[PDB]
$ cat entry-v9.txt   # compact mmCIF, C-alpha atoms and all ligand atoms
# COMPACT_ATOMS: atom_id res chain seq x y z
CA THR O 1 -44.50 -61.60 25.89
CA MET O 2 -41.82 -59.90 23.75
CA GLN O 3 -42.76 -56.42 22.60
CA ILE O 4 -42.30 -53.91 19.79
CA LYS O 5 -42.16 -50.24 20.70
CA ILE O 6 -43.84 -48.09 18.07
CA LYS O 7 -43.47 -44.37 17.57
CA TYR O 8 -45.65 -42.53 15.00
CA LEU O 9 -44.77 -39.53 12.86
CA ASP O 10 -47.58 -37.42 14.37
CA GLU O 11 -51.01 -37.62 15.99
CA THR O 12 -52.81 -37.86 12.60
CA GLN O 13 -51.37 -41.33 11.86
CA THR O 14 -54.01 -43.98 12.38
CA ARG O 15 -52.60 -46.22 15.08
CA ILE O 16 -52.01 -49.86 14.26
CA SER O 17 -55.11 -51.56 15.59
CA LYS O 18 -55.01 -54.39 18.10
CA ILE O 19 -53.48 -57.34 16.28
CA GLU O 20 -54.72 -60.86 15.69
CA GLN O 21 -51.74 -62.80 17.09
CA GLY O 22 -49.43 -64.34 14.49
CA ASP O 23 -50.90 -62.49 11.45
CA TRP O 24 -48.77 -60.20 9.36
CA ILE O 25 -49.42 -56.53 10.33
CA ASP O 26 -50.60 -53.87 7.83
CA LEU O 27 -48.89 -50.53 7.35
CA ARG O 28 -50.47 -47.27 6.15
CA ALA O 29 -49.40 -44.48 3.82
CA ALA O 30 -48.59 -41.41 6.01
CA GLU O 31 -49.69 -38.86 3.31
CA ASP O 32 -51.28 -38.70 -0.16
CA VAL O 33 -48.74 -39.79 -2.81
CA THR O 34 -49.34 -39.48 -6.56
CA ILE O 35 -47.00 -41.49 -8.79
CA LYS O 36 -46.94 -41.30 -12.58
CA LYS O 37 -46.55 -44.34 -14.84
CA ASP O 38 -42.88 -45.56 -14.85
CA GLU O 39 -41.91 -43.40 -11.92
CA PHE O 40 -40.65 -44.20 -8.43
CA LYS O 41 -41.58 -42.78 -5.02
CA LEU O 42 -40.61 -43.76 -1.51
CA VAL O 43 -43.96 -43.84 0.31
CA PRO O 44 -43.80 -42.89 4.08
CA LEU O 45 -45.56 -45.26 6.46
CA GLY O 46 -45.36 -42.87 9.44
CA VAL O 47 -43.86 -45.45 11.86
CA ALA O 48 -40.51 -46.17 13.51
CA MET O 49 -40.11 -49.22 15.72
CA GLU O 50 -37.83 -50.90 18.19
CA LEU O 51 -37.84 -54.60 17.26
CA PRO O 52 -37.27 -57.41 19.81
CA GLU O 53 -33.61 -58.18 20.37
CA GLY O 54 -32.24 -60.56 17.73
CA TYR O 55 -35.20 -60.03 15.38
CA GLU O 56 -35.74 -58.32 12.04
CA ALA O 57 -38.91 -57.33 10.20
CA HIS O 58 -39.80 -58.26 6.60
CA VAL O 59 -42.09 -55.94 4.56
CA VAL O 60 -43.96 -56.94 1.38
CA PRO O 61 -47.00 -55.56 -0.56
CA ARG O 62 -50.45 -56.63 0.41
CA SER O 63 -52.09 -59.13 -2.01
CA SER O 64 -54.36 -56.37 -3.40
CA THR O 65 -51.67 -53.65 -3.65
CA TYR O 66 -51.06 -54.09 -7.39
CA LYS O 67 -54.85 -54.39 -8.10
CA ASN O 68 -55.68 -51.30 -6.02
CA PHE O 69 -52.59 -49.12 -6.65
CA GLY O 70 -50.69 -50.52 -9.72
CA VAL O 71 -47.36 -50.35 -7.84
CA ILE O 72 -44.60 -52.92 -7.23
CA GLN O 73 -42.08 -52.88 -4.35
CA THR O 74 -38.68 -52.29 -5.96
CA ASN O 75 -36.67 -54.14 -3.26
CA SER O 76 -39.14 -57.09 -3.53
CA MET O 77 -39.03 -57.49 0.31
CA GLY O 78 -37.72 -54.79 2.71
CA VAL O 79 -35.56 -56.11 5.56
CA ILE O 80 -35.50 -53.99 8.69
CA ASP O 81 -32.87 -54.81 11.31
CA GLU O 82 -33.23 -54.63 15.12
CA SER O 83 -30.64 -51.83 14.90
CA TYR O 84 -32.97 -49.57 12.90
CA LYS O 85 -34.52 -48.42 16.17
CA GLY O 86 -33.74 -44.70 16.52
CA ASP O 87 -36.07 -41.73 17.01
CA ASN O 88 -36.18 -40.73 13.32
CA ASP O 89 -35.74 -44.19 11.72
CA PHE O 90 -39.06 -44.12 9.90
CA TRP O 91 -40.25 -46.83 7.54
CA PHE O 92 -40.94 -46.37 3.83
CA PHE O 93 -42.45 -48.40 0.99
CA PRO O 94 -40.37 -48.12 -2.22
CA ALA O 95 -43.08 -48.07 -4.90
CA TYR O 96 -42.55 -48.18 -8.73
CA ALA O 97 -45.75 -47.33 -10.60
CA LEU O 98 -46.66 -49.51 -13.61
CA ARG O 99 -49.51 -47.07 -14.36
CA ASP O 100 -50.69 -43.61 -13.23
CA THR O 101 -51.81 -44.01 -9.61
CA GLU O 102 -52.89 -42.17 -6.48
CA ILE O 103 -52.20 -43.46 -2.96
CA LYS O 104 -54.35 -41.99 -0.15
CA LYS O 105 -53.11 -41.17 3.34
CA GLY O 106 -54.16 -44.13 5.51
CA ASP O 107 -54.20 -46.71 2.63
CA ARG O 108 -52.96 -50.16 3.86
CA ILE O 109 -50.35 -50.70 1.16
CA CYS O 110 -47.92 -53.23 2.63
CA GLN O 111 -47.66 -55.65 5.54
CA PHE O 112 -44.89 -56.78 7.92
CA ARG O 113 -43.92 -59.62 10.25
CA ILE O 114 -40.93 -60.15 12.56
CA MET O 115 -38.62 -63.17 12.34
CA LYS O 116 -35.49 -64.16 14.31
CA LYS O 117 -32.26 -63.19 12.57
CA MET O 118 -30.28 -66.08 11.04
CA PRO O 119 -27.99 -67.97 13.42
CA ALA O 120 -24.38 -66.73 13.55
CA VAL O 121 -22.48 -68.26 10.65
CA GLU O 122 -18.83 -68.48 9.73
CA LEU O 123 -17.92 -68.39 6.06
CA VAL O 124 -14.79 -70.37 5.23
CA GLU O 125 -13.03 -70.14 1.86
CA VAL O 126 -12.24 -73.43 0.09
CA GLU O 127 -10.56 -73.84 -3.35
CA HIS O 128 -13.15 -76.40 -4.54
CA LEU O 129 -16.63 -77.61 -3.54
CA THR C 1 -45.96 -85.62 10.43
CA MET C 2 -47.68 -82.26 9.93
CA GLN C 3 -50.47 -82.60 7.38
CA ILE C 4 -51.46 -80.26 4.60
CA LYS C 5 -54.96 -80.91 3.27
CA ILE C 6 -55.15 -79.98 -0.43
CA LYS C 7 -58.16 -79.68 -2.76
CA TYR C 8 -57.79 -79.52 -6.54
CA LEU C 9 -60.10 -77.51 -8.75
CA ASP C 10 -60.91 -80.58 -10.89
CA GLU C 11 -59.82 -83.98 -12.19
CA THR C 12 -57.62 -82.42 -14.90
CA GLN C 13 -55.15 -80.72 -12.52
CA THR C 14 -51.87 -82.63 -12.27
CA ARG C 15 -51.44 -83.67 -8.63
CA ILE C 16 -48.51 -82.46 -6.53
CA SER C 17 -46.05 -85.38 -6.83
CA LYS C 18 -44.49 -87.03 -3.79
CA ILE C 19 -42.29 -84.37 -2.26
CA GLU C 20 -38.71 -84.45 -1.09
CA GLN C 21 -39.12 -83.19 2.45
CA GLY C 22 -37.85 -79.67 3.12
CA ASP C 23 -37.65 -78.53 -0.55
CA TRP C 24 -39.95 -75.82 -1.78
CA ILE C 25 -42.94 -77.23 -3.59
CA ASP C 26 -43.80 -76.34 -7.22
CA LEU C 27 -47.26 -75.21 -8.29
CA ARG C 28 -48.83 -75.42 -11.74
CA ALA C 29 -51.02 -73.17 -13.84
CA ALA C 30 -54.55 -74.54 -13.88
CA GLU C 31 -55.25 -73.30 -17.42
CA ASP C 32 -53.66 -71.86 -20.57
CA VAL C 33 -53.07 -68.11 -20.13
CA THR C 34 -52.08 -65.53 -22.72
CA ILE C 35 -50.69 -62.22 -21.36
CA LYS C 36 -49.65 -59.32 -23.60
CA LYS C 37 -46.60 -57.18 -22.86
CA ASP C 38 -47.35 -54.72 -20.01
CA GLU C 39 -50.60 -56.38 -18.90
CA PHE C 40 -51.63 -58.29 -15.82
CA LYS C 41 -53.31 -61.66 -15.30
CA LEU C 42 -54.17 -63.64 -12.19
CA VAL C 43 -52.98 -67.14 -13.07
CA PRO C 44 -55.12 -69.85 -11.36
CA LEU C 45 -52.95 -72.50 -9.65
CA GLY C 46 -55.80 -75.03 -9.32
CA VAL C 47 -55.34 -75.65 -5.56
CA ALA C 48 -56.81 -74.74 -2.15
CA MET C 49 -55.20 -75.93 1.07
CA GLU C 50 -55.63 -76.15 4.81
CA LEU C 51 -52.20 -75.43 6.27
CA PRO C 52 -50.86 -76.63 9.68
CA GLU C 53 -52.13 -74.70 12.72
CA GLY C 54 -49.93 -71.70 13.54
CA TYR C 55 -48.40 -71.64 10.00
CA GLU C 56 -48.50 -69.70 6.77
CA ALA C 57 -47.32 -70.39 3.18
CA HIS C 58 -45.05 -68.13 1.17
CA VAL C 59 -45.21 -68.20 -2.63
CA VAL C 60 -42.46 -66.93 -4.95
CA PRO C 61 -41.55 -67.29 -8.64
CA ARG C 62 -39.37 -70.20 -9.61
CA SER C 63 -35.79 -69.24 -10.65
CA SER C 64 -36.65 -69.92 -14.33
CA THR C 65 -40.02 -68.16 -14.34
CA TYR C 66 -38.80 -64.88 -15.89
CA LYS C 67 -36.62 -66.56 -18.57
CA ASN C 68 -39.28 -69.13 -19.49
CA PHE C 69 -42.36 -66.85 -19.17
CA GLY C 70 -41.24 -63.18 -19.07
CA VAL C 71 -43.42 -62.46 -15.98
CA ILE C 72 -42.93 -61.03 -12.49
CA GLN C 73 -44.97 -61.65 -9.30
CA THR C 74 -46.66 -58.35 -8.51
CA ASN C 75 -47.01 -58.92 -4.77
CA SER C 76 -43.27 -60.04 -4.61
CA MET C 77 -43.99 -62.91 -2.21
CA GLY C 78 -47.57 -64.18 -1.65
CA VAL C 79 -48.51 -64.78 2.00
CA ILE C 80 -51.28 -67.33 2.54
CA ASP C 81 -52.49 -67.49 6.17
CA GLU C 82 -53.76 -70.66 7.93
CA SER C 83 -57.25 -69.05 7.82
CA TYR C 84 -57.34 -69.16 3.98
CA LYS C 85 -58.64 -72.77 4.20
CA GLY C 86 -62.14 -72.63 2.59
CA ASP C 87 -63.54 -75.00 -0.06
CA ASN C 88 -63.45 -72.07 -2.53
CA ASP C 89 -60.12 -70.54 -1.37
CA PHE C 90 -58.05 -71.25 -4.50
CA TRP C 91 -54.47 -70.07 -5.00
CA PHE C 92 -53.49 -67.60 -7.72
CA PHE C 93 -50.20 -66.26 -9.10
CA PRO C 94 -50.42 -62.52 -9.83
CA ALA C 95 -48.39 -62.14 -13.09
CA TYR C 96 -47.28 -58.90 -14.70
CA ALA C 97 -45.80 -59.59 -18.20
CA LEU C 98 -42.75 -57.64 -19.32
CA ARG C 99 -43.21 -59.20 -22.77
CA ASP C 100 -45.92 -61.04 -24.80
CA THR C 101 -46.15 -64.55 -23.36
CA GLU C 102 -48.25 -67.76 -23.26
CA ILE C 103 -48.34 -69.76 -19.98
CA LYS C 104 -49.54 -73.35 -20.62
CA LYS C 105 -51.73 -75.47 -18.32
CA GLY C 106 -49.31 -77.62 -16.26
CA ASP C 107 -46.45 -75.09 -16.25
CA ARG C 108 -44.59 -75.00 -12.88
CA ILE C 109 -44.63 -71.23 -12.57
CA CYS C 110 -44.07 -70.64 -8.83
CA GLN C 111 -43.14 -72.43 -5.56
CA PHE C 112 -44.10 -72.40 -1.90
CA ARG C 113 -43.04 -73.50 1.56
CA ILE C 114 -44.71 -73.29 4.92
CA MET C 115 -43.33 -71.38 7.86
CA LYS C 116 -44.35 -70.84 11.47
CA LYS C 117 -46.27 -67.59 12.04
CA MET C 118 -44.61 -64.88 14.13
CA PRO C 119 -44.80 -65.18 17.94
CA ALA C 120 -46.95 -63.22 20.37
CA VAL C 121 -46.06 -59.52 20.09
CA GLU C 122 -47.21 -56.51 22.08
CA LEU C 123 -47.08 -53.18 20.24
CA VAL C 124 -46.51 -50.33 22.67
CA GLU C 125 -46.76 -46.74 21.44
CA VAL C 126 -43.99 -44.44 22.71
CA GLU C 127 -43.30 -40.71 22.32
CA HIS C 128 -39.60 -41.40 21.70
CA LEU C 129 -37.37 -44.40 20.89
CA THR X 1 -20.43 -71.41 14.55
CA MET X 2 -22.50 -72.73 11.66
CA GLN X 3 -19.95 -73.31 8.88
CA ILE X 4 -20.55 -72.27 5.27
CA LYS X 5 -17.89 -73.22 2.74
CA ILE X 6 -17.35 -70.46 0.16
CA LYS X 7 -15.66 -70.84 -3.24
CA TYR X 8 -14.85 -67.75 -5.34
CA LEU X 9 -14.76 -67.42 -9.16
CA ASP X 10 -11.17 -66.10 -9.10
CA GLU X 11 -8.76 -64.19 -6.86
CA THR X 12 -10.10 -60.78 -7.91
CA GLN X 13 -13.47 -61.50 -6.22
CA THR X 14 -13.86 -59.60 -2.94
CA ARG X 15 -13.74 -62.04 0.01
CA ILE X 16 -16.70 -61.54 2.32
CA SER X 17 -15.61 -63.42 5.47
CA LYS X 18 -15.97 -61.34 8.66
CA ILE X 19 -17.25 -61.98 12.17
CA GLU X 20 -21.04 -62.25 11.63
CA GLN X 21 -23.75 -61.45 14.22
CA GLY X 22 -26.92 -62.34 12.28
CA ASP X 23 -27.17 -59.42 9.82
CA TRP X 24 -27.78 -60.25 6.19
CA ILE X 25 -24.61 -60.52 4.12
CA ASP X 26 -23.95 -58.46 0.98
CA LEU X 27 -23.10 -60.05 -2.38
CA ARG X 28 -21.22 -58.37 -5.20
CA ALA X 29 -21.08 -58.23 -8.99
CA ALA X 30 -18.28 -60.54 -10.30
CA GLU X 31 -17.70 -58.32 -13.39
CA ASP X 32 -19.14 -55.23 -15.18
CA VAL X 33 -22.76 -55.70 -16.31
CA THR X 34 -24.42 -53.14 -18.59
CA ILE X 35 -28.19 -53.47 -19.00
CA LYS X 36 -30.47 -51.38 -21.25
CA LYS X 37 -33.89 -50.13 -20.17
CA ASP X 38 -36.46 -52.96 -20.49
CA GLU X 39 -33.70 -55.58 -20.79
CA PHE X 40 -32.62 -58.46 -18.51
CA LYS X 41 -29.27 -59.85 -17.39
CA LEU X 42 -28.13 -62.41 -14.87
CA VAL X 43 -25.51 -60.63 -12.75
CA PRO X 44 -22.76 -63.06 -11.58
CA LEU X 45 -22.01 -62.81 -7.86
CA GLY X 46 -18.68 -64.70 -8.14
CA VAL X 47 -19.50 -67.06 -5.27
CA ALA X 48 -20.53 -70.68 -4.87
CA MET X 49 -21.46 -72.00 -1.37
CA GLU X 50 -22.12 -75.13 0.68
CA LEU X 51 -24.89 -74.18 3.04
CA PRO X 52 -25.42 -75.88 6.44
CA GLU X 53 -27.37 -79.16 6.17
CA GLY X 54 -31.12 -78.62 6.49
CA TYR X 55 -30.74 -74.93 5.49
CA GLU X 56 -31.52 -72.84 2.43
CA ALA X 57 -30.51 -69.31 1.55
CA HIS X 58 -32.70 -66.42 0.51
CA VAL X 59 -31.44 -63.56 -1.70
CA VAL X 60 -33.11 -60.14 -2.09
CA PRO X 61 -31.90 -56.73 -3.40
CA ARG X 62 -30.36 -54.29 -1.02
CA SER X 63 -32.54 -51.35 0.15
CA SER X 64 -30.57 -48.92 -2.05
CA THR X 65 -30.28 -51.23 -5.11
CA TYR X 66 -33.14 -49.68 -7.06
CA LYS X 67 -32.14 -46.05 -6.27
CA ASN X 68 -28.55 -46.64 -7.36
CA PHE X 69 -28.97 -49.06 -10.29
CA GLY X 70 -32.64 -49.00 -11.37
CA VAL X 71 -32.96 -52.78 -11.39
CA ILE X 72 -35.45 -55.18 -9.79
CA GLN X 73 -34.99 -58.87 -9.01
CA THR X 74 -37.17 -60.85 -11.47
CA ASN X 75 -37.61 -63.91 -9.20
CA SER X 76 -38.51 -61.51 -6.23
CA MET X 77 -36.54 -63.54 -3.70
CA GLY X 78 -33.94 -66.08 -4.81
CA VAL X 79 -34.00 -69.43 -3.01
CA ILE X 80 -30.80 -71.51 -2.89
CA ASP X 81 -31.28 -74.99 -1.48
CA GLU X 82 -28.56 -76.81 0.45
CA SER X 83 -28.36 -79.07 -2.63
CA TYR X 84 -26.80 -76.30 -4.81
CA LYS X 85 -23.41 -77.05 -3.35
CA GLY X 86 -21.32 -78.27 -6.34
CA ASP X 87 -18.07 -76.84 -7.71
CA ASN X 88 -19.77 -74.93 -10.52
CA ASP X 89 -22.89 -73.82 -8.62
CA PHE X 90 -22.25 -70.09 -8.85
CA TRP X 91 -24.83 -67.59 -7.63
CA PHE X 92 -26.53 -65.02 -9.85
CA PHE X 93 -28.74 -61.90 -9.36
CA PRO X 94 -31.52 -61.96 -12.06
CA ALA X 95 -31.69 -58.22 -12.88
CA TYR X 96 -34.36 -56.52 -14.96
CA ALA X 97 -33.47 -52.93 -15.76
CA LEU X 98 -36.25 -50.32 -15.51
CA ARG X 99 -33.81 -47.81 -16.98
CA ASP X 100 -30.35 -47.82 -18.66
CA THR X 101 -27.77 -48.95 -16.15
CA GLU X 102 -24.18 -49.91 -15.42
CA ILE X 103 -23.28 -52.27 -12.59
CA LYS X 104 -19.54 -52.29 -11.90
CA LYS X 105 -17.32 -55.15 -10.77
CA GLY X 106 -17.21 -55.10 -6.99
CA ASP X 107 -20.57 -53.31 -6.47
CA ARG X 108 -22.70 -54.73 -3.67
CA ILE X 109 -25.90 -55.66 -5.50
CA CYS X 110 -27.97 -57.92 -3.24
CA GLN X 111 -28.03 -59.58 0.19
CA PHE X 112 -28.52 -63.10 1.56
CA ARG X 113 -29.33 -64.87 4.83
CA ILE X 114 -29.80 -68.55 5.64
CA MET X 115 -32.93 -70.22 7.07
CA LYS X 116 -33.93 -73.66 8.23
CA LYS X 117 -35.86 -75.48 5.56
CA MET X 118 -39.53 -76.16 6.14
CA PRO X 119 -40.16 -79.25 8.30
CA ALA X 120 -41.48 -82.49 6.81
CA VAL X 121 -45.07 -82.21 5.58
CA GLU X 122 -47.52 -84.78 4.30
CA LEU X 123 -49.79 -83.50 1.54
CA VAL X 124 -53.21 -85.19 1.66
CA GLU X 125 -55.76 -84.74 -1.11
CA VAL X 126 -59.34 -84.21 0.06
CA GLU X 127 -62.55 -83.94 -1.97
CA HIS X 128 -63.60 -80.89 0.05
CA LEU X 129 -62.22 -78.51 2.66
CL CL M 201 -22.30 -57.45 4.58
MG MG M 202 -42.57 -50.50 -20.05
NA NA M 203 -55.11 -42.16 8.18
NA NA M 204 -51.56 -80.38 -16.42
NA NA M 205 -28.50 -50.48 0.98
$ encode --input "entry-v9.txt" --output "structure tokens" --more "lines below"
Ligand SMILES: [Cl-]
Ligand SMILES: [Mg+2]
Ligand code: NA
Ligand code: NA
Ligand code: NA
Amino acid sequence: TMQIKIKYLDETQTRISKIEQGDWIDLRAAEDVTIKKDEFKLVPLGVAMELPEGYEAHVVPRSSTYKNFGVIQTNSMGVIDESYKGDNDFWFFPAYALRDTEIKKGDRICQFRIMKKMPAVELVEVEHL
Amino acid sequence: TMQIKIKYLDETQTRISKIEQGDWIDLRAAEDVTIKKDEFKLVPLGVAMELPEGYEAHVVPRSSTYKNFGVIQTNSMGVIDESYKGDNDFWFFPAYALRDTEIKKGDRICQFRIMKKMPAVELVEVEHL
Amino acid sequence: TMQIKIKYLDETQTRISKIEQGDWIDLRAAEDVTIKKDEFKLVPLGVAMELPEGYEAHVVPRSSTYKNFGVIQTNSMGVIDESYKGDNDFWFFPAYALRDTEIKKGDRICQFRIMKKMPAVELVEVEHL
């Protein structure tokens, strides 16, 4: 079956456990991050990946992220292209804190799945619809 | 056709009307909810469902939700897996209010569609990409 | 390959036709938009589109949108059904400003892709799951 190659920041990153096929996959904070109310921090997830050809990954918060950490994801959903596959192309969670909050290294703060890229399209200008 | 089994919380919930196939499907607040500026409320949607095998649902705000209700969805997009199919597995909309607001029972406050879960993937750790 | 008809607000709008290979496609502010901290504005994108039959479009912010402009998208992810294909069906980015900001005419502000609508489903009410 088609594979994703994963490289981790260092040996202290908890490896993504064996997955239940089809499920979205959780991602972990790579270090402790403190964020003050109304402030923004790009949280490292200590992974870089080579996605299957023609695929992209979508990243959103876990259901309990707001409840547990009082952050929102500022891009709503991160889109990661197949091309973002290099040796230092690490993934981040863009968190805005709605209250004072502490995120612990290892905390499962967002989740991802892969999806085929959209079919090739051609956009054609018309004067009226 | 693929069947979605749906259970309503009680007799007073307005039933999901006959759908136009393909279109996202609107969901309604199960109760009146007051939310003060800068506070958070889980809004009951009054429904639990068994989705098609190999699928998941995605839930987002309706276009008019902010204008009408002054709230954002704190998880960005809700993911509901096929396995969330229990008699007690009700759906909620996690609302953060950017202003004082009152959501009324019946209000179509978000929408959902089903989508096939991601294919078989094999994560392989590598030293370098 | 799949055709999308595009109509622009006026001749000053930046045309976005190029050979596509499945990447998301960037949309741009149709005019200057100034938003104050804790205020909301619909940002015009200066485009109306006829999507391929059976398809919908999804819109999200760009990765750098928050960093550069300090706005979030209030609906999280915009959904644009194939049915929004009329001559005045212009596209908007619903922007909530977390700090004072200035979006300039021509600025890339968000990104879209298309996706096949969800297949036909039959919703069936049950007394219990
Ligand atoms: Cl582009
Ligand atoms: Mg505030
Ligand atoms: Na850890
Ligand atoms: Na009602
Ligand atoms: Na960007």
$ atom_distance --input "entry-v9.txt" --atom1 "atom CA of residue 114 of chain C" --atom2 "atom CA of residue 56 of chain X"
13.4 Å
$ residues_near_ligand --input "entry-v9.txt" --ligand "ligand CL 201 (chain M)" --cutoff "7 Å" --atoms "all atoms listed in the file" --output "PyMOL selection string"
chain X and resi 24-26
$ closest_residue --input "entry-v9.txt" --among "C:96, C:38, C:120, C:107" --to "ligand MG 202 (chain M)" --atoms "all atoms listed in the file"
C:38
$ closest_residue --input "entry-v9.txt" --among "X:106, X:94, X:46, X:22" --to "chain O" --atoms "all atoms listed in the file"
X:22
$ residues_near_ligand --input "entry-v9.txt" --ligand "ligand MG 202 (chain M)" --cutoff "12 Å" --atoms "all atoms listed in the file" --output "ChimeraX atom specification"
/O:37-39,96-99 /C:36-39,96-99 /X:37-39,96-99
$ closest_atom_pairs --input "entry-v9.txt" --of "chain X" --to "chain C" --cutoff "6 Å" --atoms "only C-alpha atoms" --output "JSON lines"
{"residue": "X:74", "atom": "CA", "partner": "C:72", "partner_atom": "CA", "distance": 5.9}
{"residue": "X:75", "atom": "CA", "partner": "C:61", "partner_atom": "CA", "distance": 5.2}
{"residue": "X:76", "atom": "CA", "partner": "C:76", "partner_atom": "CA", "distance": 5.2}
{"residue": "X:117", "atom": "CA", "partner": "C:22", "partner_atom": "CA", "distance": 5.2}
{"residue": "X:118", "atom": "CA", "partner": "C:22", "partner_atom": "CA", "distance": 4.9}
{"residue": "X:119", "atom": "CA", "partner": "C:22", "partner_atom": "CA", "distance": 5.7}
{"residue": "X:120", "atom": "CA", "partner": "C:21", "partner_atom": "CA", "distance": 5.0}
{"residue": "X:121", "atom": "CA", "partner": "C:2", "partner_atom": "CA", "distance": 5.1}
{"residue": "X:122", "atom": "CA", "partner": "C:3", "partner_atom": "CA", "distance": 4.8}
{"residue": "X:123", "atom": "CA", "partner": "C:4", "partner_atom": "CA", "distance": 4.8}
{"residue": "X:124", "atom": "CA", "partner": "C:5", "partner_atom": "CA", "distance": 4.9}
{"residue": "X:125", "atom": "CA", "partner": "C:6", "partner_atom": "CA", "distance": 4.8}
{"residue": "X:126", "atom": "CA", "partner": "C:7", "partner_atom": "CA", "distance": 5.5}
{"residue": "X:128", "atom": "CA", "partner": "C:87", "partner_atom": "CA", "distance": 5.9}
{"residue": "X:129", "atom": "CA", "partner": "C:87", "partner_atom": "CA", "distance": 4.6}
$ atom_distance --input "entry-v9.txt" --atom1 "atom CA of residue 68 of chain O" --atom2 "atom CA of residue 32 of chain O"
14.6 Å
$ atom_distance --input "entry-v9.txt" --atom1 "atom CA of residue 45 of chain X" --atom2 "atom CA of residue 69 of chain X"
15.6 Å
$ residues_around --input "entry-v9.txt" --residues "residue 105 of chain O" --least-positions-apart "3" --cutoff "6 Å" --atoms "only C-alpha atoms" --output "compact mmCIF listing (two decimals) with C-alpha atoms, in the frame of the given file"
# COMPACT_ATOMS: atom_id res chain seq x y z
CA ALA O 29 -49.40 -44.48 3.82
CA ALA O 30 -48.59 -41.41 6.01
CA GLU O 31 -49.69 -38.86 3.31
CA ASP O 32 -51.28 -38.70 -0.16
$ closest_atom_pairs --input "entry-v9.txt" --of "chain O" --to "ligand NA 205 (chain M)" --cutoff "12 Å" --atoms "only C-alpha atoms and all ligand atoms" --output "Markdown table"
| residue | atom | partner | partner_atom | distance |
| --- | --- | --- | --- | --- |
| O:75 | CA | M:NA205 | NA | 9.9 |
| O:78 | CA | M:NA205 | NA | 10.3 |
| O:79 | CA | M:NA205 | NA | 10.1 |
| O:80 | CA | M:NA205 | NA | 11.0 |
$ closest_residue --input "entry-v9.txt" --among "O:83, O:54, O:33, O:11" --to "residue 95 of chain O" --atoms "only C-alpha atoms"
O:33
$ closest_residue --input "entry-v9.txt" --among "O:127, O:91, O:35, O:42" --to "residue 58 of chain O" --atoms "all atoms listed in the file"
O:91
